[PDB]
>>> print(open('coords.txt').read())   # compact mmCIF, C-alpha atoms and all ligand atoms
# COMPACT_ATOMS: atom_id res chain seq x y z
CA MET P 261 0.00 0.00 0.00
CA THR P 262 2.85 2.40 0.79
CA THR P 263 4.83 1.62 -2.41
CA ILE P 264 1.70 2.08 -4.59
CA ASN P 265 0.98 5.31 -2.65
CA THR P 266 4.43 6.63 -3.64
CA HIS P 267 4.08 5.43 -7.27
CA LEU P 268 0.72 7.29 -7.37
CA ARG P 269 2.08 10.40 -5.62
CA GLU P 270 4.76 10.80 -8.28
CA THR P 271 2.10 11.92 -10.83
CA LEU P 272 -0.23 14.68 -9.51
CA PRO P 273 0.02 18.28 -8.21
CA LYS P 274 -0.11 19.09 -4.52
CA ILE P 275 -3.81 19.79 -4.00
CA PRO P 276 -5.12 20.20 -0.43
CA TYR P 277 -8.50 18.66 -0.90
CA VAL P 278 -8.97 14.93 -0.86
CA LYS P 279 -9.52 13.31 -4.24
CA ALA P 280 -11.64 10.25 -4.94
CA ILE P 281 -8.52 8.17 -5.51
CA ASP P 282 -7.13 9.50 -2.20
CA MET P 283 -10.33 8.42 -0.42
CA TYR P 284 -10.16 4.97 -2.01
CA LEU P 285 -6.46 4.53 -1.14
CA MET P 286 -7.09 5.70 2.44
CA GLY P 287 -10.05 3.32 2.73
CA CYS P 288 -7.94 0.42 1.46
CA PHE P 289 -5.08 1.38 3.80
CA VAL P 290 -7.48 1.58 6.75
CA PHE P 291 -8.94 -1.84 5.87
CA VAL P 292 -5.47 -3.47 5.72
CA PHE P 293 -4.51 -1.65 8.94
CA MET P 294 -7.69 -2.87 10.66
CA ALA P 295 -7.02 -6.43 9.48
CA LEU P 296 -3.53 -6.32 11.01
CA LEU P 297 -4.85 -4.70 14.22
CA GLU P 298 -7.59 -7.36 14.33
CA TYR P 299 -4.92 -10.04 14.09
CA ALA P 300 -3.07 -8.32 16.96
CA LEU P 301 -6.24 -8.30 19.08
CA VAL P 302 -6.99 -11.95 18.31
CA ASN P 303 -3.33 -12.75 19.15
CA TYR P 304 -3.64 -10.97 22.51
CA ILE P 305 -6.72 -12.81 23.88
CA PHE P 306 -5.62 -16.11 22.23
CA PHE P 307 -3.95 -17.56 25.33
CA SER P 308 -6.59 -16.66 27.95
CA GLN P 309 -9.39 -18.35 25.99
CA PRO P 310 -9.09 -19.98 22.54
CA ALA P 311 -12.83 -19.73 21.75
CA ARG P 312 -12.56 -16.00 20.97
CA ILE G 242 11.88 -11.19 -19.77
CA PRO G 243 11.57 -9.85 -16.15
CA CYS G 244 7.81 -10.56 -15.83
CA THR G 245 8.16 -14.16 -17.06
CA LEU G 246 11.17 -14.47 -14.71
CA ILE G 247 9.01 -13.26 -11.81
CA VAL G 248 6.22 -15.72 -12.75
CA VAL G 249 8.66 -18.68 -12.95
CA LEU G 250 10.01 -17.37 -9.61
CA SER G 251 6.53 -17.50 -8.04
CA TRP G 252 6.23 -21.06 -9.35
CA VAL G 253 9.06 -22.34 -7.14
CA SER G 254 6.86 -22.09 -4.01
CA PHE G 255 5.27 -25.44 -4.90
CA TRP G 256 8.54 -27.29 -4.26
CA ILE G 257 8.63 -26.05 -0.65
CA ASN G 258 7.05 -28.34 1.96
CA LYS G 259 3.51 -27.28 2.87
CA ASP G 260 4.38 -27.18 6.59
CA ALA G 261 6.82 -24.25 6.37
CA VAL G 262 4.09 -21.61 6.34
CA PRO G 263 6.30 -18.45 6.70
CA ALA G 264 8.51 -19.68 3.84
CA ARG G 265 5.75 -20.02 1.23
CA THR G 266 3.89 -16.90 2.38
CA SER G 267 7.12 -14.84 2.26
CA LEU G 268 8.00 -16.12 -1.22
CA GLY G 269 4.51 -15.38 -2.56
CA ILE G 270 4.13 -11.92 -1.00
CA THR G 271 7.66 -10.86 -2.00
CA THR G 272 6.81 -11.96 -5.54
CA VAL G 273 3.63 -9.82 -5.49
CA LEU G 274 5.82 -6.89 -4.28
CA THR G 275 8.30 -7.24 -7.16
CA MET G 276 5.48 -7.69 -9.72
CA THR G 277 3.77 -4.53 -8.41
CA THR G 278 7.03 -2.56 -8.65
CA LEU G 279 7.67 -3.90 -12.17
CA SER G 280 4.13 -3.08 -13.41
CA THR G 281 4.29 0.71 -12.93
CA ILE G 282 7.85 1.03 -14.38
CA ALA G 283 6.89 -0.65 -17.72
CA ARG G 284 3.56 1.31 -18.05
CA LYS G 285 5.32 4.75 -17.89
CA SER G 286 6.87 4.21 -21.41
CA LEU G 287 3.58 4.76 -23.31
CA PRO G 288 0.91 7.46 -22.57
CA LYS G 289 -2.08 7.16 -20.27
CA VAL G 290 -4.36 5.58 -22.86
CA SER G 291 -7.55 4.05 -21.53
CA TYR G 292 -7.63 0.84 -23.56
CA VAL G 293 -5.62 -2.29 -22.92
CA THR G 294 -2.48 -2.88 -24.95
CA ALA G 295 -0.64 -6.16 -25.40
CA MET G 296 1.83 -5.17 -22.67
CA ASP G 297 -0.38 -4.12 -19.77
CA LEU G 298 -2.49 -7.18 -20.54
CA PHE G 299 0.70 -9.23 -20.17
CA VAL G 300 1.69 -7.71 -16.82
CA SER G 301 -1.94 -7.97 -15.67
CA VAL G 302 -1.99 -11.70 -16.48
CA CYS G 303 1.35 -12.12 -14.72
CA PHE G 304 0.11 -10.25 -11.62
CA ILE G 305 -3.08 -12.34 -11.48
CA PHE G 306 -0.94 -15.49 -11.93
CA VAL G 307 1.28 -14.58 -8.94
CA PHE G 308 -1.88 -13.69 -7.00
CA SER G 309 -3.41 -17.03 -8.05
CA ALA G 310 -0.37 -18.95 -6.77
CA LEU G 311 -0.56 -17.15 -3.42
CA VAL G 312 -4.33 -17.62 -2.96
CA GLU G 313 -3.91 -21.27 -4.05
CA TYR G 314 -1.39 -21.77 -1.26
CA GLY G 315 -3.89 -20.01 1.03
CA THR G 316 -6.60 -22.54 0.17
CA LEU G 317 -3.99 -25.32 0.55
CA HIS G 318 -3.19 -24.21 4.11
CA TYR G 319 -6.91 -23.86 4.82
CA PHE G 320 -7.67 -27.33 3.44
CA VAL G 321 -4.80 -29.26 5.09
CA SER G 322 -6.67 -28.95 8.41
CA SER G 323 -10.13 -29.79 7.05
CA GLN G 324 -9.30 -32.78 4.84
CA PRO G 325 -5.76 -33.93 3.98
CA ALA G 326 -6.97 -36.19 1.14
CA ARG G 327 -7.75 -33.13 -1.01
CA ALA G 328 -4.74 -31.08 0.14
CA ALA G 329 -2.21 -33.87 -0.48
CA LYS G 330 -2.36 -33.80 -4.29
CA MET G 331 -2.81 -30.02 -4.52
CA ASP G 332 0.90 -29.26 -4.96
CA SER G 333 1.34 -32.15 -7.41
CA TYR G 334 -1.57 -30.67 -9.37
CA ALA G 335 -0.22 -27.10 -9.20
CA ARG G 336 3.31 -28.10 -10.36
CA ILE G 337 1.77 -29.28 -13.66
CA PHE G 338 -1.22 -26.91 -13.89
CA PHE G 339 0.62 -23.59 -13.59
CA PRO G 340 3.45 -24.05 -16.20
CA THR G 341 1.10 -25.63 -18.77
CA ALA G 342 -1.50 -22.87 -18.32
CA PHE G 343 1.23 -20.23 -18.65
CA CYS G 344 2.72 -21.86 -21.77
CA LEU G 345 -0.74 -22.05 -23.38
CA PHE G 346 -1.34 -18.40 -22.43
CA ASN G 347 2.03 -17.47 -23.95
CA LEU G 348 1.24 -19.52 -27.08
CA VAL G 349 -2.21 -17.97 -27.60
CA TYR G 350 -0.95 -14.45 -26.77
CA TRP G 351 2.14 -14.51 -29.00
CA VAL G 352 0.35 -16.20 -31.93
CA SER G 353 -2.71 -13.93 -31.67
CA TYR G 354 -0.60 -10.77 -31.39
CA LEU G 355 2.03 -11.70 -34.00
CA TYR G 356 -0.59 -12.73 -36.55
CA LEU G 357 -1.94 -9.16 -36.44
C1 LIG P 401 8.49 -13.51 5.35
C2 LIG P 401 9.29 -12.86 6.19
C3 LIG P 401 10.22 -13.63 7.07
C4 LIG P 401 9.32 -11.36 6.35
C5 LIG P 401 8.60 -10.48 5.32
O1 LIG P 401 9.15 -9.14 5.53
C6 LIG P 401 10.33 -9.23 6.19
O2 LIG P 401 10.93 -8.25 6.55
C7 LIG P 401 10.69 -10.69 6.34
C8 LIG P 401 11.50 -11.19 5.14
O3 LIG P 401 12.01 -12.51 5.39
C9 LIG P 401 12.69 -10.29 4.74
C10 LIG P 401 12.04 -9.22 3.91
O4 LIG P 401 12.06 -9.55 2.50
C11 LIG P 401 10.86 -9.82 3.26
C12 LIG P 401 9.59 -9.17 2.86
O5 LIG P 401 9.41 -8.04 2.51
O6 LIG P 401 8.60 -10.08 2.96
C13 LIG P 401 8.98 -11.07 3.97
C14 LIG P 401 10.56 -11.18 3.87
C15 LIG P 401 10.98 -12.22 2.85
>>> encode(input="coords.txt", output="structure tokens", more="lines below")
Ligand SMILES: C=C(C)[C@@H]1[C@H]2OC(=O)[C@@H]1[C@]1(O)C[C@H]3O[C@]34C(=O)O[C@H]2[C@]14C
Amino acid sequence: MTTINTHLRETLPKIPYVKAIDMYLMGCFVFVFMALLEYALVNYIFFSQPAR
Amino acid sequence: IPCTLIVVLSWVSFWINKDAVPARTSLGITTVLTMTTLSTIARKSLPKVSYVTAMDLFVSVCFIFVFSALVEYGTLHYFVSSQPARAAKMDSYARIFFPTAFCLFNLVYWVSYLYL
């Protein structure tokens, strides 16, 4: 996600508003981030009780 | 040459034992990384046309192939716990299904685009 973000950022001007492609990339980044954070949270409670 | 090299590189994950999970995942994901990096570099050459050429189609098929290898290993690791009878012959099937499918793709692509 970061490497594609750079390879996308090498093309456009520096506009302050958020574009549609910026919203989509941020949504995708937040989804991947939430998946990794979810894995962290399921790795934390894993030892106390394996049902969760 | 580099995209076919990266695809043949992604192929080698089938020869690794299905128990070494970090090994096969690392190979597959590193291959998706290099394919992603390679895609943008080639595409810069020509303008930002909206139709598909015979070169972004090629890198798209290579990227889906690498992706297909990785998700196939994902289903393999999912299925080894459920039923081993189906997951035993998955690698033996993949080792012959991926190179033949790629050679037929190469055949059809090169013939269809060099006849024109
Ligand atoms: C799969 C592993 C071990 C990690 C992951 O990221 C890492 O830093 C580890 C590394 O071993 C080294 C680094 O190349 C790696 C990568 O980007 O994917 C993987 C590779 C291979």
>>> closest_atom_pairs(input="coords.txt", of="chain G", to="ligand LIG 401 (chain P)", cutoff="9 Å", atoms="all atoms listed in the file", output="CSV")
residue,atom,partner,partner_atom,distance
G:263,CA,P:LIG401,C1,5.6
G:264,CA,P:LIG401,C1,6.4
G:265,CA,P:LIG401,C1,8.2
G:266,CA,P:LIG401,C1,6.4
G:267,CA,P:LIG401,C1,3.6
G:268,CA,P:LIG401,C15,6.4
G:269,CA,P:LIG401,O6,8.7
G:270,CA,P:LIG401,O6,6.2
G:271,CA,P:LIG401,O6,5.1
G:272,CA,P:LIG401,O6,8.9
G:274,CA,P:LIG401,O5,7.8
>>> interface_residues(input="coords.txt", of="chain G", to="chain P", cutoff="10 Å", atoms="only C-alpha atoms", output="list in words")
residues 274, 277, 278, 281 and 282 of chain G
>>> atom_distance(input="coords.txt", atom1="atom CA of residue 336 of chain G", atom2="atom CA of residue 348 of chain G")
18.9 Å
>>> atom_distance(input="coords.txt", atom1="atom CA of residue 276 of chain G", atom2="atom CA of residue 291 of chain P")
22.0 Å
>>> residues_around(input="coords.txt", residues="residue 301 of chain G", least_positions_apart="3", cutoff="12 Å", atoms="all atoms listed in the file", output="mmCIF file with C-alpha atoms, in the frame of the given file")
data_model
loop_
_atom_site.group_PDB
_atom_site.id
_atom_site.type_symbol
_atom_site.label_atom_id
_atom_site.label_comp_id
_atom_site.auth_asym_id
_atom_site.auth_seq_id
_atom_site.Cartn_x
_atom_site.Cartn_y
_atom_site.Cartn_z
ATOM 1 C CA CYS G 244 7.810 -10.560 -15.830
ATOM 2 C CA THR G 245 8.160 -14.160 -17.060
ATOM 3 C CA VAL G 248 6.220 -15.720 -12.750
ATOM 4 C CA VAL G 273 3.630 -9.820 -5.490
ATOM 5 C CA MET G 276 5.480 -7.690 -9.720
ATOM 6 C CA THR G 277 3.770 -4.530 -8.410
ATOM 7 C CA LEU G 279 7.670 -3.900 -12.170
ATOM 8 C CA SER G 280 4.130 -3.080 -13.410
ATOM 9 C CA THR G 281 4.290 0.710 -12.930
ATOM 10 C CA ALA G 283 6.890 -0.650 -17.720
ATOM 11 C CA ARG G 284 3.560 1.310 -18.050
ATOM 12 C CA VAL G 293 -5.620 -2.290 -22.920
ATOM 13 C CA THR G 294 -2.480 -2.880 -24.950
ATOM 14 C CA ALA G 295 -0.640 -6.160 -25.400
ATOM 15 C CA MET G 296 1.830 -5.170 -22.670
ATOM 16 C CA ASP G 297 -0.380 -4.120 -19.770
ATOM 17 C CA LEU G 298 -2.490 -7.180 -20.540
ATOM 18 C CA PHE G 304 0.110 -10.250 -11.620
ATOM 19 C CA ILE G 305 -3.080 -12.340 -11.480
ATOM 20 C CA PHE G 306 -0.940 -15.490 -11.930
ATOM 21 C CA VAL G 307 1.280 -14.580 -8.940
ATOM 22 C CA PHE G 308 -1.880 -13.690 -7.000
ATOM 23 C CA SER G 309 -3.410 -17.030 -8.050
#
>>> atom_distance(input="coords.txt", atom1="atom CA of residue 278 of chain P", atom2="atom CA of residue 292 of chain P")
19.9 Å
>>> closest_residue(input="coords.txt", among="G:338, G:351, G:288, G:259", to="residue 325 of chain G", atoms="all atoms listed in the file")
G:259
>>> closest_residue(input="coords.txt", among="G:318, G:340, G:326, G:346", to="residue 261 of chain G", atoms="all atoms listed in the file")
G:318
